[PDB]
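Observations on the model geometry
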Number of protein chains: 4
Amino acid sequence: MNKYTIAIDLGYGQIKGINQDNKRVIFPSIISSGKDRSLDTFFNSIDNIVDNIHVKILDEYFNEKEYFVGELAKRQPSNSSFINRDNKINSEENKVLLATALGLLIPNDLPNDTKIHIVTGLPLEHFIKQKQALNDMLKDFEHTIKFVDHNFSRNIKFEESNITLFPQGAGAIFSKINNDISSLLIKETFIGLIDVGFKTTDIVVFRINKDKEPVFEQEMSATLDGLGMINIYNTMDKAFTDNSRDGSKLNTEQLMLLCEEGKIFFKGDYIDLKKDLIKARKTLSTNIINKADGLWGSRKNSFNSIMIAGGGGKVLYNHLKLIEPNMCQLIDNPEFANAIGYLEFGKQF
Amino acid sequence: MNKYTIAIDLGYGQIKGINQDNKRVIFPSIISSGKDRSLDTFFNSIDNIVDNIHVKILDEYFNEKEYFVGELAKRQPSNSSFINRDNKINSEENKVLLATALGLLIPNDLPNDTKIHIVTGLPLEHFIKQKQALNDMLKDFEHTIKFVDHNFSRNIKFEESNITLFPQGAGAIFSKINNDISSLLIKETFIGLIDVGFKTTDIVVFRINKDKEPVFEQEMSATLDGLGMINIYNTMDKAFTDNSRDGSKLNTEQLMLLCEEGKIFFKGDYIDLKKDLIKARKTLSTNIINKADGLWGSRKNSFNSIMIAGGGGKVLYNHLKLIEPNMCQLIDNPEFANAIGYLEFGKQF
Amino acid sequence: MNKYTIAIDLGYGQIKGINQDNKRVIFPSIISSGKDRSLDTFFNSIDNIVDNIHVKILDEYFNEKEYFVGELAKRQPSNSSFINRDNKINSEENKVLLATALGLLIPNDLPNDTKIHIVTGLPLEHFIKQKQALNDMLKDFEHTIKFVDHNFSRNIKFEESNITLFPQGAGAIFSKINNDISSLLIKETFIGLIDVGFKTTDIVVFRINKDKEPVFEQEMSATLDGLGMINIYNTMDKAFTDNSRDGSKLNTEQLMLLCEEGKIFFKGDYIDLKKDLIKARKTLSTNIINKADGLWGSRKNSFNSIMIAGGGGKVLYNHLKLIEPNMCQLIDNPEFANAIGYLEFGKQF
Amino acid sequence: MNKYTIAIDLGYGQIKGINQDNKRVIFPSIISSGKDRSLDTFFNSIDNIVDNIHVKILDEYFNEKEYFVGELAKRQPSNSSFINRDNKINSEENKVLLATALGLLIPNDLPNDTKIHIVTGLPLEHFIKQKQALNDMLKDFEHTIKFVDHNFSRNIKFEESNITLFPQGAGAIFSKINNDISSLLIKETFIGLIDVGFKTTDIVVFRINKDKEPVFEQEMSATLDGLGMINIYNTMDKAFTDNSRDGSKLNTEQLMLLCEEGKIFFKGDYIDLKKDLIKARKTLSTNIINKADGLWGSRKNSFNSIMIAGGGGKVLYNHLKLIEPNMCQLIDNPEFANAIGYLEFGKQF
Ligand SMILES: Nc1ncnc2c1ncn2[C@@H]1O[C@H](COP(=O)(O)OP(=O)(O)O)[C@@H](O)[C@H]1O
Ligand SMILES: Nc1ncnc2c1ncn2[C@@H]1O[C@H](COP(=O)(O)OP(=O)(O)O)[C@@H](O)[C@H]1O
Ligand SMILES: Nc1ncnc2c1ncn2[C@@H]1O[C@H](COP(=O)(O)OP(=O)(O)O)[C@@H](O)[C@H]1O
Ligand SMILES: Nc1ncnc2c1ncn2[C@@H]1O[C@H](COP(=O)(O)OP(=O)(O)O)[C@@H](O)[C@H]1O
Ligand SMILES: [Mg+2]
Ligand SMILES: [Mg+2]
Ligand SMILES: [Mg+2]
Ligand SMILES: [Mg+2]
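Residues numbered from 1 in each chain as written, not as in the entry; some residues may be left out. Chains lettered and ligands numbered in written order. Part of a larger assembly, values for the part shown. Heavy atoms only, no water.

Chain A goes by Putative plasmid segregation protein ParM in the PDB entry, where it is assigned to Clostridium botulinum Prevot_594. Anyone opening this PDB entry will find it titled "Whole structure of a 15-stranded ParM filament from Clostridium botulinum".

The subject of this paragraph is the coordination of the magnesium ion (ligand 6). When four donors bind a metal tetrahedrally, each ideal donor-metal-donor angle is 109.5 degrees, and when six bind octahedrally, the ideal angles are 90 or 180 degrees. Of the protein atoms, only B:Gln168 (NE2) and B:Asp195 (OD) coordinate the magnesium ion (ligand 6), at distances of 2.1 to 2.8 Å. Of the two residues, B:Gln168 is situated in the loop between β10 (163-167) and α5 (170-173) and B:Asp195 in strand β11 (residues 190-196); the sequence distance between them amounts to 27 residues. (Donors = N, O, S within 2.8 Å, 3.2 Å for Na, K, Ca; no water. Helix = DSSP H or I, 4+ residues; strand = E, 2+ residues; numbered from the N terminus.)

What follows deals with the arrangement of the chains. Inter-chain contacts occur across 4 pairs of chains; the most extensive set of contacts lies between chains B and C. These two, chain A and chain D, are apart from each other, with no contact and a minimum C-alpha gap of 25 Å. Nothing in chain C touches chain D; the tightest C-alpha to C-alpha distance between them is still 13 Å. (Contact = heavy atoms within 4.5 Å.)

With that settled, consider the interface of chain C and chain B. Counting from both sides, the interface comprises 29 residues of chain C and, opposite them, 23 residues of chain B. When chain C packs against chain B, close to 2500 Å² is buried across both sides, 54% of that on carbon and sulfur atoms. It is C:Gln218, C:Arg299 and C:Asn301 in chain C that bury the most area against chain B; as a group they hold 25% of the surface buried on that side. In this structure, B:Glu260 engages C:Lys210 in a salt bridge whose closest nitrogen and oxygen atoms are separated by 3.7 Å. Put simply, chain C and chain B have 11 residue pairs in polar contact between them. At the level of secondary structure, the elements contributing two or more residues to the side of chain C that touches chain B comprise β10 (163-167), β12 (201-208), β13 (214-217) and β17 (303-309) of chain C. With 4 residues, the top contributor of residues to the side of chain C that touches chain B is β13(C). Class assignment of the residues belonging to the side of chain C that touches chain B gives a composition of 15 nonpolar, 6 polar and 8 charged. (Buried area = accessible area lost by both parts, 1.4 Å probe. Salt bridge = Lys/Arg side-chain N within 4 Å of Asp/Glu carboxyl O. Polar contact = N/O pair within 3.5 Å; in protein donor to acceptor, adjacent residues only side chain to side chain. Nonpolar A, V, L, I, M, F, W, Y, C, P; charged D, E, K, R; others polar.)

This part takes up the environment of C:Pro77. Along the chain, C:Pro77 falls in the loop between α2 (71-74) and α3 (92-104). It is 8.3 Å that separates the C-alpha atoms of C:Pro77 and C:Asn251, two residues lying 174 residues apart in sequence.

This part is about helix α10 (residues 337-344) of chain B. With 6 of its 8 residues buried, α10(B) lies for the most part within the structure. For α10(B), the complete set of buried residues consists of B:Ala337, B:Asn338, B:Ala339, B:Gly341, B:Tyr342 and B:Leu343. (Buried < 20%, exposed > 50% of the residue type's maximum accessible area, 1.4 Å probe, protein only.)

On to the packing of helix α7 (residues 230-244) of chain C against helix α9 (residues 274-295) of chain C. All names here are of chain C. Axis separation between α7 and α9 bottoms out at 10 Å; the angle between their running directions is 150 degrees. Relative to α9, the element α7 is oriented roughly antiparallel. Note that α7 runs across α9; the crossing there is right-handed. Counted together, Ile232, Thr235, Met236 and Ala239 of α7 and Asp276, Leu277, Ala280, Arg281 and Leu284 of α9 form the full contact between these two elements. (Axes fitted to C-alpha atoms, helices over the stretch in contact; angles between N-to-C directions. Parallel < 35°, antiparallel > 145°, perpendicular 65-115°, else oblique. Left-handed = near helix turned anticlockwise from the far one by under 90°.)

With that settled, the discussion passes to the sheet that holds strand β1 (residues 4-9) of chain D. All names here are of chain D. Across the sheet, 5 strands lie side by side as β3-β2-β1-β7-β10; this open sheet has mixed pairing. On the outer flanks of this sheet lie β3 (24-28) and β10 (163-165), each paired with one strand and no other. Strand-to-strand twist in this sheet, taken as the mean axis angle between neighbours without regard to direction, amounts to 20 degrees. Taken together, the 3 bridges between strand β7 (residues 116-120) and β10 define a ladder with parallel strand orientation. Paired with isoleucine 118 across the two strands is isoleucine 163, which belongs to β10. Sitting on the sheet, helix α3 (residues 92-105) touches β1, β2 (14-19), β3 and β7, and the angle it makes with β1 is about 135 degrees. On top of the sheet, helix α5 (residues 131-140) reaches β7 and β10; it is set at about 165 degrees to β10, its chief contact. (Pairing = 2+ DSSP bridges.)

Across a sheet, strands are paired by hydrogen bonds formed along the backbone, either parallel or antiparallel in direction. All names here are of chain C. The 5 strands are arranged β3-β2-β1-β7-β10 in an open sheet whose pairing can be described as mixed. Each end of this open sheet is capped by a strand with a single partner; those strands are β3 (24-28) and β10. Ignoring strand direction, the axes of neighbouring strands in this sheet form an average angle of 20 degrees. Sheet topology note: the strand β1 (residues 4-7)/strand β7 (residues 116-122) ladder contains 4 bridges and is parallel.

Contact residues are listed per partner, giving 5 residues for chain B and 7 residues for chain D. In total, about 540 Å² of surface goes out of reach between chain B and chain D, with carbon and sulfur atoms giving 53% of it. It is B:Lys274, B:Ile278 and B:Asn318 in chain B that bury the most area against chain D; as a group they hold 59% of the surface buried on that side. Inspection of the chain B/chain D interface yields 3 salt bridges. Between B:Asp272 and D:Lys157 there is a salt bridge, with its nearest N and O atoms 4.0 Å apart. Across the chain B-chain D interface, the total number found is 1 residue pair in polar contact.

Before going further, it helps to spend a moment on unusual backbone geometry. Look at C:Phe62: it is not a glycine, yet its phi comes out positive at around 55 degrees. Following the sequence through the fold, C:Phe62 ends up in the loop between β5 (53-57) and β6 (65-69). Of note, D:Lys267 is a non-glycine position whose phi angle comes to about 60 degrees, a positive value. Mapped onto the secondary structure, D:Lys267 falls in the loop between β15 (263-265) and β16 (270-272).

Attention now moves to the site of ligand 3. Residues and elements named next belong to chain C. Around ligand 3 sit 16 residues in total, of which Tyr12, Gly13, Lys16, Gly311 and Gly312 are the nearest. Measuring from an oxygen atom of ligand 3, one finds a side-chain N or O atom of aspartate 9 at 3.5 Å. Backbone polar atom of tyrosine 12 to an oxygen atom of ligand 3: 2.9 Å apart, as the coordinates give it. Summarising the interface, the protein chains cover 87% of the accessible area of ligand 3, which totals 580 Å² for the free molecule. Within the shell around ligand 3, the residues separate by chemical class into 5 nonpolar, 7 polar and 4 charged. (Near = heavy atom within 4 Å. Areas by Shrake-Rupley, 256 points an atom, 1.4 Å probe, with all protein chains shown as cover.)

This part is about the site of ligand 2. Residues and elements named next belong to chain B. Neighbouring ligand 2 are 16 residues, the closest being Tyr12, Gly13, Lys16, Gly311 and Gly312. Within the contact set of ligand 2, an oxygen atom lies 2.9 Å away from a backbone nitrogen or oxygen of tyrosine 12. Contact between ligand 2 and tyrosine 233: an oxygen atom at 3.3 Å from a side-chain N or O atom of the residue. For ligand 2, whose accessible area on its own is 590 Å², the fraction buried by protein is 87%. Split by residue class, the shell around ligand 2 holds 5 nonpolar, 7 polar and 4 charged.

For the rest of this paragraph, the subject is the packing of aromatic side chains. Counted by the stated rule, this structure contains 52 aromatic pairs over all chains. Taken together, a centroid distance of 6.4 Å and an interplanar angle of 70 degrees make the contact between A:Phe42 and A:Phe43 edge-to-face. Summarising the burial analysis for this pair, A:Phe42 and A:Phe43 share the class exposed. Arranged with centres 5.8 Å apart and planes meeting at 50 degrees, the rings of C:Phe174 and C:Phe206 form a pair that is tilted. A residue pair is termed long-range when its members are at least 10 positions apart, and C:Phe174 in the loop between α5 (170-173) and α6 (178-181) and C:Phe206 in strand β12 qualify at 32 residues. As far as burial versus exposure is concerned, C:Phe174 and C:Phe206 are alike and both buried. Taken together, the ring pairs connect B:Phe42, B:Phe43, C:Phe127, C:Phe166, C:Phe174, C:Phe206, C:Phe216, C:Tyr342 and C:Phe345 into an aromatic cluster. (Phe/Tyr/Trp six-rings, centres within 6.5 Å; stacked < 30°, edge-to-face > 60°.)

If you want it as structure tokens, here you go:
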């Protein structure tokens, strides 16, 4: 039929989703208990729904749990701690976040026959490893969302021949840049996509064949498991605890505020940690270059375009240029590189 | 299980219907005899049934008749002339329109034990006049519809106590806004819907009381019978022959294409009649404003919200704004004001 | 490697085909039994195979048959009479023509693993009627062709999902001009191809929409079945016997030579029949114009570009101009309008 | 009859224009809100309507706004600030300046059944770069002007192919001197036209062939955006605060008074800035000495006669002579060179 499509991602740093109609949302993976918002309604109006997501989630048993979630929960000191957030794909923490972006990307008044061909993403070492667990949950995912301060609801339910599972970074270079660089890729060149994830960074390569079509190399491509931006939040956390000379610990919000700037305004003064920030990024820079060449022998010289993606690829790109300068480049929308890739390569159905 | 609900409208310009599950269809009120289609199927793929209603309808003899109806009938050279279309609500011209309106708005594989609360409509001055004529038709309406080139059939038959008649503009402002207009209605005010239709324009008012509940008045509210879009097509038909000066008179499509734009593509050229389109709309704007003061004395100053409706109100919303500017506003669906107004006020039972 | 593409036409006057590499062949639709040729080779050197198709064709018995086809068959006294030629698309008369059309349009030393997207054609009113007859023939067409005195052979066999049927005039104006006519089609206009062929004349229209995409109509478009060049040959055959007054009736060549010029070289003299050639063309011009008003009401004024096609349209382009002068124009290949229209609209897959 | 011809100039300094009847108007590009000049109507004679442009402008929804524009807007302190007027071609600010030029260049007793040809200009860089927007805005233009205090009006609207686009200063020497300078241009010489406008400055050249016919040279000719008379208002503005040292800034009127006079009468006394005036006048002349030679190497020696245009360079003619003295010259109407060059080369149609 005219059944719809929403491409989301389970990215532990920040959830990145897009519909079939190219409207796209982004919010961190932060949930909290939802509390009633009436006083703050009068001071500051909620124009951006994404900035202030308080929301209600009905279940199949017709109970409900309110949630400060996303940008709104990040302001809360009582949120989910998010730096030890569990990797379990069947967690209710994942259920709320998967219910969240669906509530923001289902348009108004769709026909219920026109269901949603949802497209997800799994890590490369986790795709075969954790396939049916998400297929268990998305089969069982049936709820009803209710937006606080916005007063619109969506019923949600998913079936087979609407669920569709792809690995992470699959359609990012299988399409939407493969349609463009096909004049440049000629014969048995290798394209290299490195999605710098928050927790885990994926490194995926495709070989173009005789027929200028991509074929996949699992023995040249894998996941930097635990290598990525989460170490920068981990190390720079310890870099303040000795520089403050107090044992003072920043919260979840200030740490995410830190590693975009490096200068947190602590007790009337900016504690400067620019020295360790350039150090830890170059610490992460070398940890990506060498470990990619654990999968890349002299075949690195068979590269035509080393592409990097993810939110972590943006702030590394100048230092992460040193994989192979003037051959490497950056994808256009680095965070949504999965999500735009999940859309077009999710249009196989 | 509970009984199903469909709210359609037999409006003279176009059939405007909606079901219980908030799915709506719209197509112009033109019928045509159906002819065999597999050839035009092959040239262009049919993704919309509404453009291409080739359809078979059984009767009391169980004899099928092929029909082109809706957009497909307008392109036919042999369709209904549509300017001399009958007002007899029990006519077969009204039956095939009502068959397709009930044919599209039923989903597949429903249980056959349940029945449907169908809610039709009448003109305001012709509700009492044409009450039993449609009551006789809906009791007589035993037909089985069969969509050619889509191949799904419906058995459409209704006994007593399932049909529900309302006048036009009845539940569009009594209901359908009552959850949102309740803060605007305060004490002894008049709300008013002005539906600009094909043959007629329709004026309906509702006095709200001290206890903030609307109640009807019939001497402030009537049907502008024969005054509507039909004065625009007949005037602009003469405007082409005044501008062609050849005796060439427009067909069914060319006149209907004209008053939507004003530039008929005649002999490789657009024949400009934008100014006469303004004049025919202004005389229609003359004949609704001056007739409103016939129904309204100083009580036009007793308004809190004028609403205008009809597809003819879409091109005239700023033009018919001169009744009471900065108080009149647009109904949220200009075509579907009557149908959803039939839906919410039909679910009151 | 990718699959090859050939677009031929089985037109009643002459086979008009073209391949993927834009090489075209044309020869009249006359077959003849082949006889041994080494003698006429010695008198005159053969630089054109099309004039001199002596050719052997294997079958399901793998039994070769010699054939003279094309220009070489027309000079034979014992060829097909060509006025009583069958319309049965699965006939061997159609097979040998289709064998040579596929025989010429394949270059030498192609890989045997790849297959060819062959695109044939049908009359418009006989597309649905003769759909499975050619589908049965193309599934049955297992033949090996062998060109005598040129000595290159082709193994021509096609399985399922390689043939592609289209009506005549389908892709000639839907495609083949769509990159150039897109600036001319603006809003709700009709383009029209008029192919003047041997047995029939063919009328096909396409309404463009508001979104500037053409869509087909079948009640404004049909096959002028039995009305075409065949009315000119039969009338001018009687025109010679009216002018010879001896009982001498023209043969296959003399009648075909006549209506191209009008002066058959009979007994050392040109017998003038130029005026009767004008009369037979004018009655054909009568029987396409008056039949056009049968398909077109005032919608002839809804044209932006008439196109005329067919080899019969070449001698009638200024003569059939009287439908709508200063708007009708000539297709860029009067013969090859259908074939390249099959080629571009066959490459859409 | 023949469709009426207009040629206007969209110059940001002052809007110029001339009609088919060769009557020409000029007024500054300043707008304001119109207010009821009825008190002064009793006091002083309102005869120069160009001095006194109070004007109402209807639209397609019949919602008018009053406008002081041009010379009457110069006396207003409430006018558009005009040092920061938007360079968008599709502004209402342009439309008010456009419609003012319309009703002044359409005299009474003319056939309004005949359409209106207009010939406008662009920046020479932006003639293709911002081409379609002016092509859109003129086709979108449909209003109705109302002349306050003079009580006549024009219906104002444009279809396509009545508007005509030629670049700034194109036809001023391509036409309008081509019947006179043909004796002067001999062989391989370059005529050169320099439009010293307010915001921008054009320099345009034409190679002539062997056959004494001009041809365009896009790489010896460009637009000097940010160079022109707006530098003189920019430089002398701070010179007043340099001279007065008060913190008082001149308004739009006093500043435009200053760079046409040089001696502002501030606070009961003439405050002198004549020394810095010529200093900027040499400086603007310096910036045209450079940038012309940036496109003119030794090919400047191949000239025959430079022309210069613009009201800015008109008072610069001695200092701007220094580029090529006694070969450069000034066009006779430095304001109306472009509009007559629009009109004369617009009289091809
Ligand atoms: N402007 C920015 N400044 C600093 N870090 C950023 C910025 N934008 C994104 N990031 C980092 O990138 C991460 C987002 O990665 P993302 O592409 O969402 O991968 P994942 O799919 O693993 O969540 C965040 O955790 C954040 O630290
Ligand atoms: N986009 C449009 N442009 C011009 N006219 C329109 C448009 N949409 C609707 N109309 C006019 O409105 C009429 C539809 O009125 P409608 O609300 O269906 O009333 P009714 O119930 O009497 O049929 C049509 O006949 C048509 O002329
Ligand atoms: N130069 C010509 N002079 C006269 N008649 C011609 C000429 N070229 C083509 N024709 C006529 O056009 C016919 C070819 O039509 P064609 O486009 O092949 O249609 P079809 O597809 O029906 O065979 C021939 O039978 C012939 O009579
Ligand atoms: N008599 C004058 N004295 C001083 N400056 C003048 C005079 N006449 C015109 N100008 C200057 O010339 C400019 C007019 O340029 P114009 O030819 O209209 O170019 P544009 O097409 O860019 O508006 C004005 O801004 C003004 O400063
Ligand atoms: Mg990721
Ligand atoms: Mg109605
Ligand atoms: Mg043909
Ligand atoms: Mg200028």
